[PDB]
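Single-structure report; data block below.
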Amino acid sequence: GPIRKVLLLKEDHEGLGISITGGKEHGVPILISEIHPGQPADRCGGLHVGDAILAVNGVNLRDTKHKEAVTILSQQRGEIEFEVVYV
Amino acid sequence: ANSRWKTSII
């Protein structure tokens, strides 16, 4: 689908509210496999199961290994911009 | 499901 920019707002006491799967070692993008109810990704409205995460706050995630992506994603705070695509 | 691919809750 089209590449989208999506804003997520979160406070420091919570996570993103997603499960991710995939990554470079598996030959696939970082993919959202779950959106957890009532958590920031669900609340933001624009992120969905099946979306590939291309970048977060300008940090490219397309060639990143799974754990690399976890570290990068979990470091982000506050108002967080995602670049995502559903395919 | 298969679960060959790693999954993380974040």
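Residue numbering restarts at 1 in every chain; chains get A, B, ... in the order shown in the structure tokens, and ligands count up from 1 in that same order.
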Proximity of segment 2-77 of chain A to chain B: per-residue shortest pair, 7 Å limit, only C-alpha atoms, as a Markdown table:
```
| residue | atom | partner | partner_atom | distance |
| --- | --- | --- | --- | --- |
| A:15 | CA | B:10 | CA | 5.7 |
| A:16 | CA | B:10 | CA | 5.7 |
| A:17 | CA | B:10 | CA | 6.1 |
| A:18 | CA | B:10 | CA | 5.6 |
| A:19 | CA | B:9 | CA | 4.2 |
| A:20 | CA | B:8 | CA | 5.4 |
| A:21 | CA | B:7 | CA | 4.4 |
| A:22 | CA | B:5 | CA | 5.6 |
| A:26 | CA | B:5 | CA | 6.5 |
| A:74 | CA | B:10 | CA | 6.6 |
```
With a distance threshold of 12 Å and counting only C-alpha atoms, extract the residues of chain A near chain B and express them as a PDB file with N, CA and C atoms, in the first residue's frame.
```
ATOM      1  N   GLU A  14       4.511   3.826  29.842  1.00  0.00           N
ATOM      2  CA  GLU A  14       3.954   2.771  29.002  1.00  0.00           C
ATOM      3  C   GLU A  14       4.907   2.401  27.869  1.00  0.00           C
ATOM      4  N   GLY A  15       4.640   1.263  27.236  1.00  0.00           N
ATOM      5  CA  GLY A  15       5.322   0.884  26.016  1.00  0.00           C
ATOM      6  C   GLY A  15       4.578   1.414  24.806  1.00  0.00           C
ATOM      7  N   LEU A  16       4.964   0.929  23.634  1.00  0.00           N
ATOM      8  CA  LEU A  16       4.321   1.345  22.395  1.00  0.00           C
ATOM      9  C   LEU A  16       2.963   0.691  22.227  1.00  0.00           C
ATOM     10  N   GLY A  17       2.812  -0.521  22.752  1.00  0.00           N
ATOM     11  CA  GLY A  17       1.566  -1.259  22.604  1.00  0.00           C
ATOM     12  C   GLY A  17       1.508  -2.042  21.305  1.00  0.00           C
ATOM     13  N   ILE A  18       2.654  -2.532  20.856  1.00  0.00           N
ATOM     14  CA  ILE A  18       2.657  -3.388  19.677  1.00  0.00           C
ATOM     15  C   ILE A  18       3.520  -4.610  19.910  1.00  0.00           C
ATOM     16  N   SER A  19       3.244  -5.657  19.150  1.00  0.00           N
ATOM     17  CA  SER A  19       4.212  -6.735  19.009  1.00  0.00           C
ATOM     18  C   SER A  19       4.766  -6.636  17.610  1.00  0.00           C
ATOM     19  N   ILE A  20       6.080  -6.827  17.491  1.00  0.00           N
ATOM     20  CA  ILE A  20       6.740  -6.849  16.190  1.00  0.00           C
ATOM     21  C   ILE A  20       7.357  -8.216  15.914  1.00  0.00           C
ATOM     22  N   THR A  21       7.419  -8.565  14.637  1.00  0.00           N
ATOM     23  CA  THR A  21       8.026  -9.808  14.216  1.00  0.00           C
ATOM     24  C   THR A  21       8.873  -9.497  12.992  1.00  0.00           C
ATOM     25  N   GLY A  22       9.694 -10.446  12.578  1.00  0.00           N
ATOM     26  CA  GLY A  22      10.520 -10.237  11.402  1.00  0.00           C
ATOM     27  C   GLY A  22      11.829  -9.535  11.689  1.00  0.00           C
ATOM     28  N   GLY A  23      12.393  -8.922  10.650  1.00  0.00           N
ATOM     29  CA  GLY A  23      13.716  -8.323  10.732  1.00  0.00           C
ATOM     30  C   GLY A  23      14.687  -8.928   9.729  1.00  0.00           C
ATOM     31  N   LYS A  24      15.822  -8.266   9.546  1.00  0.00           N
ATOM     32  CA  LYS A  24      16.761  -8.604   8.476  1.00  0.00           C
ATOM     33  C   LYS A  24      17.207 -10.058   8.473  1.00  0.00           C
ATOM     34  N   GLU A  25      17.380 -10.641   9.654  1.00  0.00           N
ATOM     35  CA  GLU A  25      17.877 -12.014   9.718  1.00  0.00           C
ATOM     36  C   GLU A  25      16.840 -13.000   9.198  1.00  0.00           C
ATOM     37  N   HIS A  26      15.591 -12.560   9.111  1.00  0.00           N
ATOM     38  CA  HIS A  26      14.512 -13.396   8.609  1.00  0.00           C
ATOM     39  C   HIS A  26      14.158 -13.019   7.173  1.00  0.00           C
ATOM     40  N   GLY A  27      14.864 -12.031   6.625  1.00  0.00           N
ATOM     41  CA  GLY A  27      14.639 -11.598   5.255  1.00  0.00           C
ATOM     42  C   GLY A  27      13.357 -10.818   5.020  1.00  0.00           C
ATOM     43  N   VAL A  28      12.771 -10.284   6.086  1.00  0.00           N
ATOM     44  CA  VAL A  28      11.529  -9.530   5.959  1.00  0.00           C
ATOM     45  C   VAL A  28      11.621  -8.269   6.795  1.00  0.00           C
ATOM     46  N   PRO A  29      10.745  -7.293   6.525  1.00  0.00           N
ATOM     47  CA  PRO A  29      10.794  -6.060   7.317  1.00  0.00           C
ATOM     48  C   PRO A  29      10.376  -6.302   8.758  1.00  0.00           C
ATOM     49  N   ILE A  30      10.535  -5.273   9.577  1.00  0.00           N
ATOM     50  CA  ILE A  30       9.963  -5.285  10.905  1.00  0.00           C
ATOM     51  C   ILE A  30       8.469  -5.085  10.720  1.00  0.00           C
ATOM     52  N   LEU A  31       7.694  -6.075  11.138  1.00  0.00           N
ATOM     53  CA  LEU A  31       6.259  -6.094  10.907  1.00  0.00           C
ATOM     54  C   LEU A  31       5.477  -6.045  12.204  1.00  0.00           C
ATOM     55  N   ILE A  32       4.413  -5.256  12.220  1.00  0.00           N
ATOM     56  CA  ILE A  32       3.511  -5.268  13.362  1.00  0.00           C
ATOM     57  C   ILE A  32       2.638  -6.515  13.322  1.00  0.00           C
ATOM     58  N   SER A  33       2.754  -7.343  14.350  1.00  0.00           N
ATOM     59  CA  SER A  33       1.955  -8.556  14.422  1.00  0.00           C
ATOM     60  C   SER A  33       0.786  -8.442  15.392  1.00  0.00           C
ATOM     61  N   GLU A  34       0.846  -7.481  16.307  1.00  0.00           N
ATOM     62  CA  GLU A  34      -0.249  -7.242  17.238  1.00  0.00           C
ATOM     63  C   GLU A  34      -0.314  -5.767  17.588  1.00  0.00           C
ATOM     64  N   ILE A  35      -1.540  -5.270  17.754  1.00  0.00           N
ATOM     65  CA  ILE A  35      -1.797  -3.947  18.325  1.00  0.00           C
ATOM     66  C   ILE A  35      -2.548  -4.224  19.625  1.00  0.00           C
ATOM     67  N   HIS A  36      -1.959  -3.859  20.758  1.00  0.00           N
ATOM     68  CA  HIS A  36      -2.540  -4.216  22.047  1.00  0.00           C
ATOM     69  C   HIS A  36      -3.614  -3.224  22.481  1.00  0.00           C
ATOM     70  N   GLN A  39      -3.529   0.604  24.389  1.00  0.00           N
ATOM     71  CA  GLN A  39      -2.149   1.096  24.532  1.00  0.00           C
ATOM     72  C   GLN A  39      -1.858   2.117  23.426  1.00  0.00           C
ATOM     73  N   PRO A  40      -0.681   2.765  23.454  1.00  0.00           N
ATOM     74  CA  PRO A  40      -0.535   3.935  22.580  1.00  0.00           C
ATOM     75  C   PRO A  40      -0.754   3.692  21.089  1.00  0.00           C
ATOM     76  N   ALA A  41      -0.297   2.566  20.549  1.00  0.00           N
ATOM     77  CA  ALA A  41      -0.475   2.337  19.122  1.00  0.00           C
ATOM     78  C   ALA A  41      -1.954   2.223  18.770  1.00  0.00           C
ATOM     79  N   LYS A  65      18.117  -5.775  12.061  1.00  0.00           N
ATOM     80  CA  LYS A  65      17.829  -7.049  12.686  1.00  0.00           C
ATOM     81  C   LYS A  65      16.784  -6.850  13.769  1.00  0.00           C
ATOM     82  N   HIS A  66      16.090  -7.925  14.096  1.00  0.00           N
ATOM     83  CA  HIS A  66      14.990  -7.854  15.038  1.00  0.00           C
ATOM     84  C   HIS A  66      15.329  -7.114  16.335  1.00  0.00           C
ATOM     85  N   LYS A  67      16.386  -7.552  17.014  1.00  0.00           N
ATOM     86  CA  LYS A  67      16.742  -6.975  18.308  1.00  0.00           C
ATOM     87  C   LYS A  67      17.226  -5.540  18.167  1.00  0.00           C
ATOM     88  N   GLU A  68      17.860  -5.227  17.041  1.00  0.00           N
ATOM     89  CA  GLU A  68      18.273  -3.848  16.775  1.00  0.00           C
ATOM     90  C   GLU A  68      17.028  -2.963  16.757  1.00  0.00           C
ATOM     91  N   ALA A  69      15.991  -3.428  16.060  1.00  0.00           N
ATOM     92  CA  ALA A  69      14.738  -2.683  15.987  1.00  0.00           C
ATOM     93  C   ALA A  69      14.090  -2.520  17.366  1.00  0.00           C
ATOM     94  N   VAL A  70      14.164  -3.554  18.200  1.00  0.00           N
ATOM     95  CA  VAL A  70      13.591  -3.469  19.542  1.00  0.00           C
ATOM     96  C   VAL A  70      14.256  -2.343  20.321  1.00  0.00           C
ATOM     97  N   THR A  71      15.580  -2.319  20.307  1.00  0.00           N
ATOM     98  CA  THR A  71      16.291  -1.268  21.015  1.00  0.00           C
ATOM     99  C   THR A  71      15.903   0.121  20.491  1.00  0.00           C
ATOM    100  N   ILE A  72      15.920   0.283  19.172  1.00  0.00           N
ATOM    101  CA  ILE A  72      15.602   1.571  18.576  1.00  0.00           C
ATOM    102  C   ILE A  72      14.175   1.990  18.926  1.00  0.00           C
ATOM    103  N   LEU A  73      13.217   1.098  18.702  1.00  0.00           N
ATOM    104  CA  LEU A  73      11.814   1.432  18.967  1.00  0.00           C
ATOM    105  C   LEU A  73      11.542   1.750  20.434  1.00  0.00           C
ATOM    106  N   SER A  74      12.095   0.947  21.342  1.00  0.00           N
ATOM    107  CA  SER A  74      11.870   1.154  22.772  1.00  0.00           C
ATOM    108  C   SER A  74      12.526   2.415  23.331  1.00  0.00           C
ATOM    109  N   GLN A  75      13.514   2.962  22.623  1.00  0.00           N
ATOM    110  CA  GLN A  75      14.173   4.188  23.070  1.00  0.00           C
ATOM    111  C   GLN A  75      13.335   5.436  22.819  1.00  0.00           C
ATOM    112  N   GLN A  76      12.346   5.340  21.941  1.00  0.00           N
ATOM    113  CA  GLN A  76      11.644   6.547  21.521  1.00  0.00           C
ATOM    114  C   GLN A  76      10.648   6.981  22.600  1.00  0.00           C
TER     115      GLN A  76
END
```
Discussion item. Give me, as a ChimeraX atom specification, the residues of chain A that a backbone DSSP run labels helix (DSSP H, G or I).
Written reply: /A:24-26,40-44,66-75
